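Spelled out from the first residue to the last, the chains are:
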Amino acid sequence: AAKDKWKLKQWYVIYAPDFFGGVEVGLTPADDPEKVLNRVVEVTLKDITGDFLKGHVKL
RNA sequence: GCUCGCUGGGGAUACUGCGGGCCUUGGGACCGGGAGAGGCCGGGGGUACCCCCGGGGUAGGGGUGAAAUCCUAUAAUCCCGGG
Ligand SMILES: [Mg+2]
């Protein structure tokens, strides 16, 4: 039954804000889309703009 | 010699005391550019920690030299969003 519970969940794609490019930053699972609101994701500036210098900047 | 103590007079003016004058070195007052977790009062913050509410997940967590009391299915330890 535990496995069955895990099968009810759908995966949602997370996008960066408009002025940062709006690119895809990841995927998160949930059964009800209302539970996705107010979740937070941490990404480095190197992930958005490719440069091996600003790897220590976290957004 | 001892009772080193008292008293009538004369002389000296280096030091101490007293009176007058004149100083700036000790001390104090004031002005300049700086130093400091010195003190008091008002405002704005930093992580950490404890409790409460909502989501996830499920059988352990904590603690000692070794254990046990203790906490946990009225859902803990752990992770996330708020107060
Ligand atoms: Mg809960």
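To be clear, the structure that these remarks concern was listed above.
Cut-offs used in this document
- Residues numbered from 1 in each chain as written, not as in the entry; some residues may be left out.
- Chains lettered and ligands numbered in written order.
- Part of a larger assembly, values for the part shown.
- Heavy atoms only, no water.
- Helix = DSSP H or I, 4+ residues; strand = E, 2+ residues; numbered from the N terminus.
- Rg over C-alpha atoms; globule rule 2.2 N^0.38 Å.
- Contact = heavy atoms within 4.5 Å.
- Areas by Shrake-Rupley, 256 points an atom, 1.4 Å probe, with all protein chains shown as cover.
- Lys, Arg positive; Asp, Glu negative; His and termini not counted.
- Charge placed at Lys NZ, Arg CZ, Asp CG, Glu CD.
- Near = heavy atom within 4 Å.
- Polar contact = N/O pair within 3.5 Å; in protein donor to acceptor, adjacent residues only side chain to side chain.
- Nonpolar A, V, L, I, M, F, W, Y, C, P; charged D, E, K, R; others polar.
- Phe/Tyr/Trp six-rings, centres within 6.5 Å; stacked < 30°, edge-to-face > 60°.

## Things to note about the overall build of chain A
Right, so step 1: Helix and strand content of chain A: 2 helices and 2 strands.
Right, so step 2: Ordering the α and β elements of chain A from the N terminus gives α-β-β-α.
Right, so step 3: Scaling as 2.2 N^0.38, a compact globule of 59 residues should have a C-alpha radius of gyration of about 10 Å, whereas chain A reaches 15 Å, well beyond that.
Right, so step 4: Dimensions of chain A along its principal axes, counting C-alpha atoms only, are 50 × 20 × 15 Å.
Right, so step 5: Considering only intrachain contacts with a sequence separation of at least 6, the fraction spanning at least 24 residues in chain A is 10%.
Right, so step 6: Of the roughly 5200 Å² of accessible surface on chain A, 59% is carried by carbon and sulfur atoms.
Right, so step 7: Of the charged side chains in chain A, 9 are positive and 9 negative, and the gap between their average positions amounts to 8 Å.

## Remarks on the protein's contact with RNA strand B
Right, so step 1: The full set of residues close to RNA strand B is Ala-2, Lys-5, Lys-9, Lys-35, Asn-38 and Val-40.
Right, so step 2: What you see for RNA strand B is that sugar and phosphate hold 100% of its atoms within 4 Å of the protein.
Right, so step 3: A distance of 3.4 Å separates a phosphate oxygen of RNA strand B from a polar side-chain atom of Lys-9.
Right, so step 4: Of the residues contributing to the surface near RNA strand B, the split by class is 2 nonpolar, 1 polar and 3 charged.

## Quick word on the packing of aromatic side chains
Right, so step 1: One pass over the full model with this rule turns up 2 aromatic pairs.
Right, so step 2: Considering the side-chain rings of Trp-6 and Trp-11, the 6.2 Å spacing of their centres and the 80° angle between planes classify their relative orientation as edge-to-face.

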